[PDB]
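Step one of this worksheet: look at the structure below.
Letters A, B, ... are given to chains in the order of the sequence lines, protein chains preceding strands, and every chain is numbered from 1. Only this structure's heavy atoms are used, side chains among them; waters, hydrogens and symmetry mates stay out.
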Amino acid sequence: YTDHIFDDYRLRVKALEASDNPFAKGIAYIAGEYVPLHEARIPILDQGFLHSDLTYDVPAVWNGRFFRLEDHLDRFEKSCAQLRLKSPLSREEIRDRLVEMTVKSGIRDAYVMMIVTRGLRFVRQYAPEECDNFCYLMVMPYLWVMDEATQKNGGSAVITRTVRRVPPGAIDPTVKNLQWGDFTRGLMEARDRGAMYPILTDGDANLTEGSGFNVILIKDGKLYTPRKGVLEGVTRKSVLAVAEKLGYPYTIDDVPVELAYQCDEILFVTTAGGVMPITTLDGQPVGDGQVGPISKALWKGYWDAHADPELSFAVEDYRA
Amino acid sequence: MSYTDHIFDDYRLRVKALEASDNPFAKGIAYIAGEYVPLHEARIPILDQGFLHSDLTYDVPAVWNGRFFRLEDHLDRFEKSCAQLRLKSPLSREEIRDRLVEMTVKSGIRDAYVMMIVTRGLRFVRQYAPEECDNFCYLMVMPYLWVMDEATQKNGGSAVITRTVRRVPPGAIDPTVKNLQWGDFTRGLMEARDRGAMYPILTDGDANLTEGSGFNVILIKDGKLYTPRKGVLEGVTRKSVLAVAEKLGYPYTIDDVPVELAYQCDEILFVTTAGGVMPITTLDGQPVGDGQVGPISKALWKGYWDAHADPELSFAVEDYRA
Ligand SMILES: Cc1ncc(COP(=O)(O)O)c(C=O)c1O
Ligand SMILES: Cc1ncc(COP(=O)(O)O)c(C=O)c1O
Ligand SMILES: [Cl-]
């Protein structure tokens, strides 16, 4: 079922790797300058580094079409407000520059980043309103949390037992952030236990999310995905809209840990890879150990949606 | 006659001298990829996982009147922190020490805030085993920073026990491993400002006190010191103040500190490398005890700073040799 998109994608990557464009390996916007991604540098005094004082968002370009960029911009502006950050670049400026950098790079399948940091001033010495916040933009070749090869059979995960999710009353998980202390411990625990990915609990016997992805349990034809303690993922939104069209019931609510061990299918969903089936959990098969039919149908709907003119636009039909 | 003059008179003179210096490193110096760079020109690659996933640990010793204080304790904790996160410094312990002293002498700074950082580097631990990652080391020496300045120490600072945020629990992020994932502390600083206070004190969300944004907390009641054990960094400043407390005959306990005790204590100290002993005289808009900097705070303050000359716990940067 992967050939549906990956045959065409592999052709586009071949063309990009053959390109002599100095931005084909990626492009960064830093202080009004476009720089090749691997030469791009930020000041070490940026509080985005010295206190991870930032928020970010990651839309994708697929076959030269941005997917749900307005949803990512909406969530980014919301995230900025929650942390009392104000982007020096307008929402409309960010959109214009992200499209320009995509065209300028020639990258047709892109992992895109918009970052706002506190700047050089910290919020102990200064009110947030007295801080001049920084904006960084990056466009790079599309990244896969789960690659084609792994998606064909599904990946492996564990419910972490050495680490639990940062609670929202400490750090708000609806505000996309790079304070991955728990997720990083999770990835190490997964490798220790011979699995690719962690699923973190809330420390109260419910599932939350993983290292850069939401979790969807499928049982008896119904989708179950955590409400609290997680990022409100754009991939999750897309997959649930596809589920609605196909007549699959879903609920965004508490997901008790027990349900992970009794379900038929598990999906991980994220911008960086899309729909990512999981067929091993804690060393045991998920259901029959096969990529399930509902996973396949949602995978197809998700990718088909990247041509939907209501949800996407082509990078050349765009005008500032 | 103010008790703060004991150190600030001499320090205000030394800064004046430094602000007159033409040395291009007098504003600070960074080690980046085997090069010394002026601090305000120093840059790191945007793809450093120290940035893209705050995948790092750090430590902060200080230089005072040209003497490093307890640098070996900071190096000990840094190596422990690196091991916990499966980071290996590309610079040995001995190289970090040599370079930190070199950068201090080269800068001419007599009162410095020092920073040793190790990040994951350009590879992340999803695609790669941690042993496959070539980790980066960054060093910085800059003019000494004050979480609480001279003016505030004279009458004491203001704090609140946070009610809009709690501390990241140890089973999410290990607080004994010094890290820059300040999501909770940053919320705390914003809440403090909203409530007309300088500093936050975060609870563990289970009715105990933890630490604040870059400092440990010590309560003092009926001559006894109480400081949280769990949910906090094991501060070198806290260690020093407790040694000064043991030597002066003040009993102390490192254990759970229930929130209630904050409202019933006689004195409150915040302790950190970036400011030292920092008395707190207002809590949730009300006086701490009699609203004055207390006698035990002053005694511990004096002992802490006096110990920056002790030859067993400090060394002069000029007398050091690689
Ligand atoms: C913690 C976390 N959860 C979930 C996601 C996926 O959400 P989205 O589909 O909006 O990328 C990400 C994104 O990388 C993430 O960092
Ligand atoms: C969270 C936290 N606790 C405690 C401290 C104090 O540790 P030390 O006294 O060793 O500097 C700091 C210093 O920055 C800190 O960030
Ligand atoms: Cl719910």
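- Under 4.0 Å is where a charged nitrogen must lie from a carboxylate oxygen, and between A/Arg185 and A/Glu189 no such pair does.
- A/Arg165 touches chain B through its backbone: at least one of N, CA, C or O sits under 4.5 Å from a heavy atom, while the side chain does not.
- Ionic pairing of A/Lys152 and A/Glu148 is present here: one or more N-O contacts between side-chain nitrogen and carboxylate oxygen are shorter than 4.0 angstrom.
- Contacts of A/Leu120 with chain B are absent, with no heavy-atom separation under 4.5 Å from either backbone or side chain.
- Heavy-atom distances place the side chain of A/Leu54, and not its backbone, under 4.5 Å from chain B.
- With a 4.5 Å cut-off on non-hydrogen atoms, B/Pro170 touches chain A through its backbone but not through its side chain.
- A salt bridge does not link B/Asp206 with B/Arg166: every distance from a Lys NZ or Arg NE/NH1/NH2 to an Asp or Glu carboxylate oxygen is 4.0 Å or more.
- Using cut-offs of 30° and 60° for the angle between ring planes, the B/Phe8 and B/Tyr11 rings count as perpendicular.
- At a 4.5 Å heavy-atom cutoff, the contact between A/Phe122 and chain B is made by side-chain atoms alone.
- Salt-bridge check for B/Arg86 with A/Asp192: passed, with a basic side-chain N closer than 4.0 Å to an acidic carboxylate O.
- For B/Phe270 and B/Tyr199, the gap between ring centers is short of 6.0 Å.
- In this structure, the portions of A/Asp172 lying under 4.5 Å from any heavy atom of chain B include both its backbone and its side chain.
- Proximity to chain B is absent for every atom of A/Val175, based on heavy atoms less than 4.5 angstrom apart.
- No hydrogens or angles considered: a donor-acceptor pair under 3.5 Å links the side chains of A/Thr117 and A/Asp46.
- For A/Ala190, no part sits under 4.5 Å from any heavy atom of chain B, backbone or side chain.
- Of the atoms belonging to B/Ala42, heavy atoms from both backbone and side chain fall under 4.5 Å from chain A.
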